[PDB]
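Participant: Let me begin by handing over the structure; questions about it come next.
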Amino acid sequence: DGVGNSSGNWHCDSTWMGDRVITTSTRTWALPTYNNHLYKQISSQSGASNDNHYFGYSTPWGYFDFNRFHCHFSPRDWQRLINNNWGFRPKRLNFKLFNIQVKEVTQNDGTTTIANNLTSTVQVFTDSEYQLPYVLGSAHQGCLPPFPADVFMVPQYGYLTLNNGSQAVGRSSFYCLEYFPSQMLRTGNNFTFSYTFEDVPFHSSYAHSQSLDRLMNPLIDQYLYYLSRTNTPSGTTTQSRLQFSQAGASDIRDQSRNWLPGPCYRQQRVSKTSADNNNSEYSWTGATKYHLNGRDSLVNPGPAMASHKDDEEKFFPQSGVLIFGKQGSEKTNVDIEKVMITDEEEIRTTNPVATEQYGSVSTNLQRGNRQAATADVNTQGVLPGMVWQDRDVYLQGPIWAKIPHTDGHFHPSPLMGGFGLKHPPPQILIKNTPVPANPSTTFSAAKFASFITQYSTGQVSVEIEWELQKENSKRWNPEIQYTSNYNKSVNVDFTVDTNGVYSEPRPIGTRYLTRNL
Amino acid sequence: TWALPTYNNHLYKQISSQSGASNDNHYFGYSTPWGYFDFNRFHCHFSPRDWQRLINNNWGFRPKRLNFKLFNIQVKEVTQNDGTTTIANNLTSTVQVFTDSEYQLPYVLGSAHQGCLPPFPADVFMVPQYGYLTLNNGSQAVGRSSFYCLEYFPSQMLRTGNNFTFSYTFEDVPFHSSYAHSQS
Amino acid sequence: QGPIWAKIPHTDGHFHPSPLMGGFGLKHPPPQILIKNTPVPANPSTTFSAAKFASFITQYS
């Protein structure tokens, strides 16, 4: 309406209506002028090992991301969601940029004077056509903060393309973001846009109560026979005679079964107790990796597979699980106490244990003069009949990821967990329009370099509608729910401390309710 | 985005070659406080990929019509006292823009001058300053020479929050051949 | 990087009037657009004087 009329009203509430939930969240943001308004080509350092080479560009544009779950759900809201629903998925979203502020900083004489600049604008556009490299879903920093009070700084957009070591091959793409029409905003303007997700499978928020190996009736025997005993005693020396039996409660390991567990790419096992772990630098030499174009790249998290067998909560895969940092953790080489290691015991009923080999298979044709030998399989590709559980999603965890535009993707659900969308919410890019300082009275063709220093601030609000699959269990005994501890503590969980620092103490995964296979 | 200074301290000036200059290099004309827009270079409109798309695929092309817009106008004031420069908005002040649709002004376009809207979109450019040449006899100007006051032309005045748009349609012209003959 | 058009000179005779730099020789080319900041006068003297102003407020747009 006018310079002195607010663009929007602050919204943060979650409202539940039957099997639908709407979670709205509003944040204030600040956006600097990145790269001094210049596109830059960036690449790895000459020294960097060949596995670490890269080539790309850094852009003056800043983008919005809200791909972390806590951006939309509050701990209580999350509790309400997991305890009560078997499944959920995102339906549609609303996004708004309002109360835009552009300010000017005068830094002469060592004292900084900040004042409004009502005239200057911010360019915002959404890449609804996906002609830009998608940098979302790579678990980058800068999410709309978990806590509403906190103010956050908009991340800076950059992208990587093909490279031959330091050098860039002919095929590499350089994109000018400006080439895209972007709406320009002044103070007192707003930018809104709406998106509807594609139909996607509900993410299971349940943990199976029946293991795959155990699906049969304990009381009745099968009618199919298996090879019970290969040889039988003949006087003193045993003789080769084949004998068959019907599997029953007594020999459950032998029952015929229709289904097979999920695929397994094996991991290395490291323990939370320092003592167990070997005294050597095997962080990389001992890690599980894949190879693309001559570069070994660590496979983290990797295919969903249970982290540990029974009574081995102590162990966890080297790079087979998600690991979040406790609030205040620094960037490099933090101790174990400074992170939170996630735990996937729930999928063990149908998924293999990441550390253990998938199975055993016989590799030689036996005969009278040749014993029967078999070999372990550390890496099993999907075989017909397999069933598995996709990786869990956590409150601090990612929500979606763009399925790569390729001829073939199989079971394209992001390995970090989340919803694999073909057309994900478009990247939103915002940049302060550059404003030139006092120019020279005499003409000069060279481009400007003396811009007026500027920064812009304002509120951002994202609303998402989520559909729910209400729990319908007829189990008799009570189930397991998520509860905060009854005991007294110097700080309550999920709350600001004495100095006003919000902190998520533990990771919360969606699998507490249980259903049968 | 563009920036426009105050040329010639707001004064029309008569300019001519230097006394020393050889007779081939003499000229006489005027320099005006006005700055003009030019976009007569191809890269102003086409991006390298766009250009590639155009040449590979078409035998000929020509311009049909154009749309031009001046928006988000900003006028600022510089206070330079005490060696520290303070720049601040001046919402009241205006910019005069007019198009010479009647061609009563010497046409300085098409002479391959500098100042084109930059090839690259990110770059900010400085508006060129308008001047023109007329008849001359060595350093001196003959009676026939024309002095034009640009202000004599009605020009719309803009403030911050105003815009100026106008549209033009080219005349029919022959397509420029983008082919090379395969037969001598 | 080359030029797009050029104004055919207003003369009785031009033959094959296509600009030698290459481009499209138009009779009526896109009109020149001229833009100038309106001059703003600084604090004037309280006593009248017919001489024209010279103390303008420095400006850029």
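Only the coordinates and a few stated rules stand behind these numbers; no lab work does. FYI the Cβ positions are ideal-geometry reconstructions off the backbone, even for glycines, and counts take in every protein chain you see.
Participant: Return the residues of segment A:285-305 that are in contact with a helix residue (DSSP H, G or I) (Cβ under 9 Å, 6 or more places away or on another chain) and in a loop (DSSP other than H, G, I, E, B); say none if nothing qualifies.
Facilitator: Matches in segment A:285-305: A:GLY294, A:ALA304, A:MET305.
Participant: Separate question: Checking the condition crowded, with 18+ Cβ neighbours inside 10 Å, over 15 Å from the mean Cα position of the chain (by Cα) and facing another protein chain (nearest Cβ under 7 Å), which residue from B:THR84, B:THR99, B:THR94 passes?
Facilitator: B:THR94
Participant: Identify, from the list A:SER211, A:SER228, the residue that is touching a helix residue (DSSP H, G or I) at 6+ places or on another chain (Cβ under 6 Å), farther than 27 Å from A:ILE399 by Cβ and more than 14 Å from every other protein chain (Cβ to nearest Cβ).
Facilitator: Sole residue among the options that is touching a helix residue (DSSP H, G or I) at 6+ places or on another chain (Cβ under 6 Å), farther than 27 Å from A:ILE399 by Cβ and more than 14 Å from every other protein chain (Cβ to nearest Cβ): A:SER211.
Participant: Quick check on my filter: what residues within segment A:21-66 are over 30 Å from A:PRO90 (Cα atoms), within 14 Å of chain B (Cβ to nearest Cβ) and aromatic (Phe, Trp, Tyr)?
Facilitator: Matches in segment A:21-66: A:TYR34, A:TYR39, A:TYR57.
Participant: Follow-up question, since we're still on this one. Would you be able to say whether some residue in segment A:427-447 is in contact (Cβ under 8 Å) with a residue 60 or more places away in the chain and of a type in the set (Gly, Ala, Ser)?
Facilitator: no
Participant: Mind checking which strands (runs of 3 or more DSSP E) fall wholly inside segment A:306-384 and carry at least 3 residues that are within 20 Å of the chain's Cα centre (by Cα)?
Facilitator: Strands (runs of 3 or more DSSP E) meeting the threshold: A:323-325, A:339-341.
Participant: Please tell me if B:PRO174 is more than 19 Å from B:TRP34 (Cα to Cα) and either within 14 Å of chain A (Cβ to nearest Cβ) or outside any loop (DSSP other than H, G, I, E, B) (or both).
Facilitator: No, not satisfied.
Participant: Can you tell me which of A:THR285, A:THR196, A:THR238, A:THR192 is β-branched (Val, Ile, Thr), under 30 Å from A:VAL3 (Cα atoms) and exposed (fewer than 14 other Cβ atoms within 10 Å of the Cβ)?
Facilitator: A:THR192
Participant: Sticking with this one: What are the pairs, 6+ residues apart or on separate chains, where a residue within segment A:330-356 that is without any contact (Cβ under 8 Å) to a residue 12 or more places away in the chain has its Cβ under 9 Å from a residue that is of a type in the set (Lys, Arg)?
Facilitator: The qualifying pairs are A:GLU330/A:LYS338; A:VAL334/A:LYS326; A:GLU337/A:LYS326.
Participant: Does segment A:214-225 hold any residues that are surrounded by 10 or more Cβ atoms within 10 Å (Cβ to Cβ), in contact with a helix residue (DSSP H, G or I) (Cβ under 9 Å, 6 or more places away or on another chain) and either among the aliphatic types (A, V, I, L, M) or free of Cβ contacts under 8 Å to residues at least 12 places away in the same chain (or both), and which are they?
Facilitator: A:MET216 - this is the single residue of segment A:214-225 that is surrounded by 10 or more Cβ atoms within 10 Å (Cβ to Cβ), in contact with a helix residue (DSSP H, G or I) (Cβ under 9 Å, 6 or more places away or on another chain) and either among the aliphatic types (A, V, I, L, M) or free of Cβ contacts under 8 Å to residues at least 12 places away in the same chain (or both).
Participant: If you don't mind, there's one more thing I want to ask. Regarding segment A:482-492, can at least one residue be identified that is among the β-branched types (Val, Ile, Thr), more than 30 Å from A:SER209 (Cα to Cα) and in a loop (DSSP other than H, G, I, E, B)?
Facilitator: Yes, segment A:482-492 contains a residue that is among the β-branched types (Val, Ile, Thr), more than 30 Å from A:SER209 (Cα to Cα) and in a loop (DSSP other than H, G, I, E, B).
Participant: Just wondering, is there one or more residues in segment A:163-176 that are surrounded by 13 or more Cβ atoms within 10 Å (Cβ to Cβ), touching a residue at least 24 places away in the same chain (Cβ under 8 Å) and in contact with an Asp or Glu (Cβ under 9 Å, 6 or more places away or on another chain)?
Facilitator: no
Participant: Are any of the residues in segment A:388-404 surrounded by fewer than 17 Cβ atoms within 10 Å (Cβ to Cβ), over 15 Å from the mean Cα position of the chain (by Cα) and touching a residue at least 40 places away in the same chain (Cβ under 8 Å)?
Facilitator: no
Participant: Kindly indicate whether B:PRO128 is facing another protein chain (nearest Cβ under 8 Å) and touching a residue at least 24 places away in the same chain (Cβ under 8 Å).
Facilitator: yes
Participant: Determine whether A:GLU330 is charged (D, E, K, R), more than 30 Å from A:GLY381 (Cα to Cα) and surrounded by fewer than 11 Cβ atoms within 10 Å (Cβ to Cβ).
Facilitator: Here the answer is yes, as A:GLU330 does meet what is asked.
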